Amino acid sequence: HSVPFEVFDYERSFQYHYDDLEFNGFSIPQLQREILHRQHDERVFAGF
Amino acid sequence: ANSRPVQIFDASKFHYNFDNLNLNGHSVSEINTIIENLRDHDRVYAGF
């Protein structure tokens with residue numbers, strides 16, 4: 001399975017699953033709201 | 001008057017049914033997932 005067109009969905013081949021999907025106490029339904037809150041305010045960015 | 005394979009299919013005109021359809025403790029979804037579970041593992045067969 002060295003072909004790169006199935007690693008996108010790993011449940012069929014490797015079906016790995018870590019102990020938890022948390023990161024610094026962040027839940028998947030949670031992330032949406034603070035992402036929206038951050039993107040609400042205008043920003044300036046650097047592109048290299 | 002039921003010799004026609006065109007109208008032979010539906011059992012509503014035959015008045016019978018089954019209570020359950022589970023096989024070996026596996027519901028429809030169990031087969032519907034084990035099919036791709038075995039498809040992920042490639043192999044070869046024979047034909048006669």
# chains A, B, ... in the order shown; residues from 1 in each chain; ligands from 1
>>> closest_atom_pairs(of="chain B", to="chain A", cutoff="12 Å", atoms="only C-alpha atoms", output="JSON lines")
{"residue": "B:33", "atom": "CA", "partner": "A:12", "partner_atom": "CA", "distance": 9.7}
{"residue": "B:34", "atom": "CA", "partner": "A:12", "partner_atom": "CA", "distance": 10.4}
{"residue": "B:35", "atom": "CA", "partner": "A:12", "partner_atom": "CA", "distance": 10.8}
{"residue": "B:36", "atom": "CA", "partner": "A:12", "partner_atom": "CA", "distance": 7.3}
{"residue": "B:37", "atom": "CA", "partner": "A:12", "partner_atom": "CA", "distance": 6.6}
{"residue": "B:38", "atom": "CA", "partner": "A:12", "partner_atom": "CA", "distance": 9.4}
{"residue": "B:39", "atom": "CA", "partner": "A:12", "partner_atom": "CA", "distance": 8.9}
{"residue": "B:40", "atom": "CA", "partner": "A:13", "partner_atom": "CA", "distance": 6.1}
{"residue": "B:41", "atom": "CA", "partner": "A:13", "partner_atom": "CA", "distance": 8.1}
{"residue": "B:42", "atom": "CA", "partner": "A:1", "partner_atom": "CA", "distance": 10.2}
>>> select_by_dssp(residues="chain A", states="alpha helix (DSSP H)", output="PDB file with N, CA and C atoms, in the first residue's frame")
ATOM      1  N   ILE A  28     -13.487  18.776  19.709  1.00  0.00           N
ATOM      2  CA  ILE A  28     -13.764  19.069  18.303  1.00  0.00           C
ATOM      3  C   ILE A  28     -14.960  19.999  18.132  1.00  0.00           C
ATOM      4  N   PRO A  29     -16.102  19.785  18.792  1.00  0.00           N
ATOM      5  CA  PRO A  29     -17.156  20.806  18.729  1.00  0.00           C
ATOM      6  C   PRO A  29     -16.705  22.146  19.270  1.00  0.00           C
ATOM      7  N   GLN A  30     -15.796  22.149  20.246  1.00  0.00           N
ATOM      8  CA  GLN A  30     -15.312  23.407  20.803  1.00  0.00           C
ATOM      9  C   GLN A  30     -14.549  24.221  19.765  1.00  0.00           C
ATOM     10  N   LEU A  31     -13.615  23.585  19.044  1.00  0.00           N
ATOM     11  CA  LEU A  31     -12.672  24.336  18.211  1.00  0.00           C
ATOM     12  C   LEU A  31     -13.374  25.301  17.269  1.00  0.00           C
ATOM     13  N   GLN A  32     -14.548  24.917  16.768  1.00  0.00           N
ATOM     14  CA  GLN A  32     -15.257  25.758  15.813  1.00  0.00           C
ATOM     15  C   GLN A  32     -15.535  27.142  16.385  1.00  0.00           C
ATOM     16  N   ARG A  33     -15.980  27.212  17.642  1.00  0.00           N
ATOM     17  CA  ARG A  33     -16.432  28.493  18.176  1.00  0.00           C
ATOM     18  C   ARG A  33     -15.270  29.461  18.366  1.00  0.00           C
ATOM     19  N   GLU A  34     -14.149  29.001  18.930  1.00  0.00           N
ATOM     20  CA  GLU A  34     -13.053  29.949  19.088  1.00  0.00           C
ATOM     21  C   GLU A  34     -12.347  30.219  17.768  1.00  0.00           C
ATOM     22  N   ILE A  35     -12.379  29.285  16.814  1.00  0.00           N
ATOM     23  CA  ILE A  35     -11.855  29.618  15.493  1.00  0.00           C
ATOM     24  C   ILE A  35     -12.681  30.730  14.865  1.00  0.00           C
ATOM     25  N   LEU A  36     -14.006  30.639  14.980  1.00  0.00           N
ATOM     26  CA  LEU A  36     -14.861  31.710  14.488  1.00  0.00           C
ATOM     27  C   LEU A  36     -14.564  33.016  15.211  1.00  0.00           C
ATOM     28  N   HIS A  37     -14.377  32.954  16.530  1.00  0.00           N
ATOM     29  CA  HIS A  37     -14.098  34.166  17.293  1.00  0.00           C
ATOM     30  C   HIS A  37     -12.789  34.812  16.857  1.00  0.00           C
ATOM     31  N   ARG A  38     -11.749  34.008  16.633  1.00  0.00           N
ATOM     32  CA  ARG A  38     -10.479  34.566  16.185  1.00  0.00           C
ATOM     33  C   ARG A  38     -10.610  35.173  14.795  1.00  0.00           C
ATOM     34  N   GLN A  39     -11.217  34.439  13.859  1.00  0.00           N
ATOM     35  CA  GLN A  39     -11.327  34.959  12.502  1.00  0.00           C
ATOM     36  C   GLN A  39     -12.294  36.131  12.398  1.00  0.00           C
ATOM     37  N   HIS A  40     -13.137  36.355  13.408  1.00  0.00           N
ATOM     38  CA  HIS A  40     -14.037  37.502  13.367  1.00  0.00           C
ATOM     39  C   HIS A  40     -13.267  38.811  13.299  1.00  0.00           C
TER      40      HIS A  40
END
